[PDB]
Amino acid sequence: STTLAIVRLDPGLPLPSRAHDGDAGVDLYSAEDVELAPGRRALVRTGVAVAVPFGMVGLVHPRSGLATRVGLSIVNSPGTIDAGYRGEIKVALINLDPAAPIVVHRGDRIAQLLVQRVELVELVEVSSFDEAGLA
Amino acid sequence: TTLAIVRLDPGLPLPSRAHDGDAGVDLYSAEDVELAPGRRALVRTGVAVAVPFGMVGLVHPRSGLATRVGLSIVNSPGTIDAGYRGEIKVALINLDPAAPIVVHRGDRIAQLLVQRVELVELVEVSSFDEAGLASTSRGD
Amino acid sequence: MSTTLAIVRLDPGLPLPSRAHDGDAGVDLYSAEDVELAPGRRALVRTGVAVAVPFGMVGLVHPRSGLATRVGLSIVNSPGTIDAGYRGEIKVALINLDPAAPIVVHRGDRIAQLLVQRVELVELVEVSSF
Ligand SMILES: O=c1ccn([C@H]2C[C@H](O)[C@@H](COP(=O)(O)OP(=O)(O)O)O2)c(=O)[nH]1
Ligand SMILES: O=c1ccn([C@H]2C[C@H](O)[C@@H](COP(=O)(O)OP(=O)(O)O)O2)c(=O)[nH]1
Ligand SMILES: O=c1ccn([C@H]2C[C@H](O)[C@@H](COP(=O)(O)OP(=O)(O)O)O2)c(=O)[nH]1
Ligand SMILES: [Mg+2]
Ligand SMILES: [Mg+2]
Ligand SMILES: [Mg+2]
Numbered sequence: 002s003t004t005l006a007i008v009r010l011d012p013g014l015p016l017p018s019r020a021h022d023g024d025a026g027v028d029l030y031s032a033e034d035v036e037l038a039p040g041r042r043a044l045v046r047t048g049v050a051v052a053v054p055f056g057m058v059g060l061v062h063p064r065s066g067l068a069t070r071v072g073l074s075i076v077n078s079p080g081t082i083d084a085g086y087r088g089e090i091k092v093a094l095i096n097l098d099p100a101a102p103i104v105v106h107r108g109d110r111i112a113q114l115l116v117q118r119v120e121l122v123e124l125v126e127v128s129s130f131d132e133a134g135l136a
Numbered sequence: 003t004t005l006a007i008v009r010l011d012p013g014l015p016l017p018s019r020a021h022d023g024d025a026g027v028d029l030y031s032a033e034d035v036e037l038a039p040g041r042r043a044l045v046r047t048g049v050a051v052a053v054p055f056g057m058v059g060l061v062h063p064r065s066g067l068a069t070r071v072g073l074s075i076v077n078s079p080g081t082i083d084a085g086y087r088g089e090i091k092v093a094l095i096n097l098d099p100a101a102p103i104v105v106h107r108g109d110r111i112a113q114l115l116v117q118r119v120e121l122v123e124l125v126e127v128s129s130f131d132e133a134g135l136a137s138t139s140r141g142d
Numbered sequence: 001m002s003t004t005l006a007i008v009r010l011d012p013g014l015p016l017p018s019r020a021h022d023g024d025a026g027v028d029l030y031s032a033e034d035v036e037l038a039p040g041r042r043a044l045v046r047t048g049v050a051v052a053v054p055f056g057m058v059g060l061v062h063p064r065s066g067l068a069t070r071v072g073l074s075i076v077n078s079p080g081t082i083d084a085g086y087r088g089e090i091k092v093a094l095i096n097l098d099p100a101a102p103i104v105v106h107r108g109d110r111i112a113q114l115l116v117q118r119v120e121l122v123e124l125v126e127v128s129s130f
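Below, the structure is given as structure tokens:
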């Protein structure tokens, strides 16, 4: 229902897509080949940049399959993609397994991007919650 | 908005909301597991849900255990698609350096939130300039 | 936008959290204390603020990506959940995910960011099958 303008910085990757009609997000690909030794991280390029609509927010989540099979994870999950950010999306992958290295290949689905509305609240300082009227 | 839930395992209580405005409901562990420092495990929660179309279920780590024993969830926030009718599982991991964590069946290991999600339609463009979506000053 | 979030600076010594750019998703929270994390160790840090999340909404504590990459800084229970009813101080479960370098956090540093979104306060209805 909502359109998202997306730019394939790396035309060699497939355009991210939604697997089923109600599926929460679209899987992002790795534009590079990387290997993580146990406990090490990396900042991988996905080869895409998005135009998140004002009032919404992009959110990068880890894939559960990999998370369990090989203990693959994202250091700053959920990664926040601001509506204004027009740069390339990057994933902070980390190997949380104790002994087995993870090998990521360019073309691999290494995360998923969800889009949600966000409340751009206005912060209003108060002295106390009682005074304001919130106890 | 109601969420149809099936207790695959009838021995566990039905998840519920502690207070009127609470974001989610704590899910239970249907099994007994012990995690060594740095090890993970996929635990069954004894429940399946029917997240409404246009929405998404989100599995978050409980903060109390997160601090006290360093308990966590590898793919947090876990995504539960509206079409998913399987059992909800939690990828627990022990992030503490030396103390093993013991999960007992009946323990509240995570919490389920439900939020609306934008079912976006991706439309590719060669640049953001033509559509007035360029971050000029911010420089991307 | 029109939704306002009541905030109390428990520690007045810190700046009020703010939004950097117009559509930015959250506001950076500060550390009210000095902490140092050896590799693999965690710490519950005070941010010096308490908020009143509107009913039907939820506060979400996210890790900052810069630090996540440069030094492997993370948050154990990310995304931290702040209930609309919670009126206590916001604390961040920081953890050092780097293998060998200690992370040093200074009071005044921006250690996380708070987002606010609406949440569906669903009513669960048990059914024997789908
Ligand atoms: O990062 C966080 C997460 C939670 N809370 C507080 C506010 C929220 O209302 C309460 C939520 O508790 P929880 O994280 O859901 O779990 P627990 O049951 O372990 O307290 O704890 C914080 O101060 N910081
Ligand atoms: O914490 C979680 C996350 C996901 N799921 C299930 C429900 C969801 O419909 C499906 C999502 O899979 P995913 O996270 O995209 O993983 P992958 O596609 O890598 O299998 O897995 C769970 O039971 N628990
Ligand atoms: O997984 C992620 C997270 C963030 N970003 C970019 C886009 C977003 O708009 C910006 C957000 O910066 P932040 O998370 O506030 O980082 P920091 O404050 O540490 O620089 O960084 C990515 O490309 N990938
Ligand atoms: Mg998937
Ligand atoms: Mg709780
Ligand atoms: Mg920031």
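Residue numbers (the authors' numbering), protein chains in the order written: chain A, 2 to 136; chain B, 3 to 142; chain C, 1 to 130. Heads up, the beta-carbon is just placed ideally off N, CA and C, and yes, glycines get one too.
The Cβ-Cβ distance between residue 53/C and residue 45/C does not fall below 8 angstroms.
For the segment 114-126 of chain C, residues whose beta-carbon sits nearer than 9 angstroms to a beta-carbon of chain B comprise 117, 118, 119, 120, 121, 122, 123, 124, 125 and 126. At least one CB atom of chain C sits nearer than 8 angstroms to the CB of residue 24/B. In its chain, beyond the 5 residues on either side, 32 and 48 have a beta carbon closer than 7 angstroms to the beta carbon of residue 11/A.
Distances from the CA of residue 27/C to each of 123/A, 101/A, 102/A and 85/A were compared; the closest alpha carbon is that of 123/A. Within 10 angstroms of the beta-carbon of residue 65/B lie 16 or more other beta-carbons, which makes it buried. For ligand 3, no non-hydrogen atom lies closer than 7 angstroms to the CB of residue 28/A.
Annotation note: the segment 17-59 of chain A contains the following uninterrupted beta strand (DSSP E) runs of length 3 or greater, listed N- to C-terminal: 27-30, 35-37, 42-46 and 49-52. Residue side-chain check: residue 61/C places its Cβ nearer than 7 angstroms to a non-hydrogen atom of ligand 1.
With fewer than 16 other Cβ atoms inside 10 Å of its own Cβ, residue 16/C counts as exposed. Non-local beta-carbon contacts of residue 117/C in its own chain, meaning distances under 8 angstroms to residues more than five positions away in sequence, involve 57, 58 and 60 in chain order. Per DSSP, the unbroken alpha helix (DSSP H) holding residue 71/C starts and ends at 65-71.
With respect to residue 29/A, residue 95/A sits apart: the two C-beta atoms are not nearer than 8 angstroms. For residue 44/B, the C-beta contacts it makes with chain A under 7 angstroms involve 69, in order along the chain. Residue 130/B is positioned such that its CB atom lies no closer than 8 angstroms to that of residue 84/A. Under the three-state reduction of DSSP output, residue 132/A falls in the helix class. As a beta-bridge residue in DSSP terms, residue 62/A pairs with 113/A.
Here the C-alpha atom of residue 42/A lies approximately 38 angstroms from the C-alpha atom of residue 9/B. Annotation for residue 98/A: 39, 71 and 72 place their beta carbon closer than 7 angstroms to its own, counting only its chain and skipping 5 residues before and after. Look at residue 4/B here: in three-state DSSP terms it is strand. For residue 82/A, the CB contacts under 8 angstroms within the same chain, skipping 5 residues up- and downstream, are 51, 53, 58, 59, 60, 61, 90 and 114 in chain order.
Scanning chain B for C-beta atoms nearer than 8 angstroms to the C-beta of residue 87/A yields 130, 135, 136, 137, 140 and 142, reported in chain order. With a threshold of 7 angstroms, the Cβ atom of residue 113/C counts as near ligand 3, since some heavy atom of the ligand is closer than that. For residue 92/C, the enclosing beta strand (DSSP E) covers residues 91-96. Within the model, the alpha-carbon separation for residue 76/B versus residue 77/A is close to 12 angstroms.
Within 7 angstroms of the C-beta of residue 82/A there is at least one heavy atom belonging to ligand 3. Chain B places no beta carbon closer than 8 angstroms to that of residue 94/A, leaving this residue out of the contacts.
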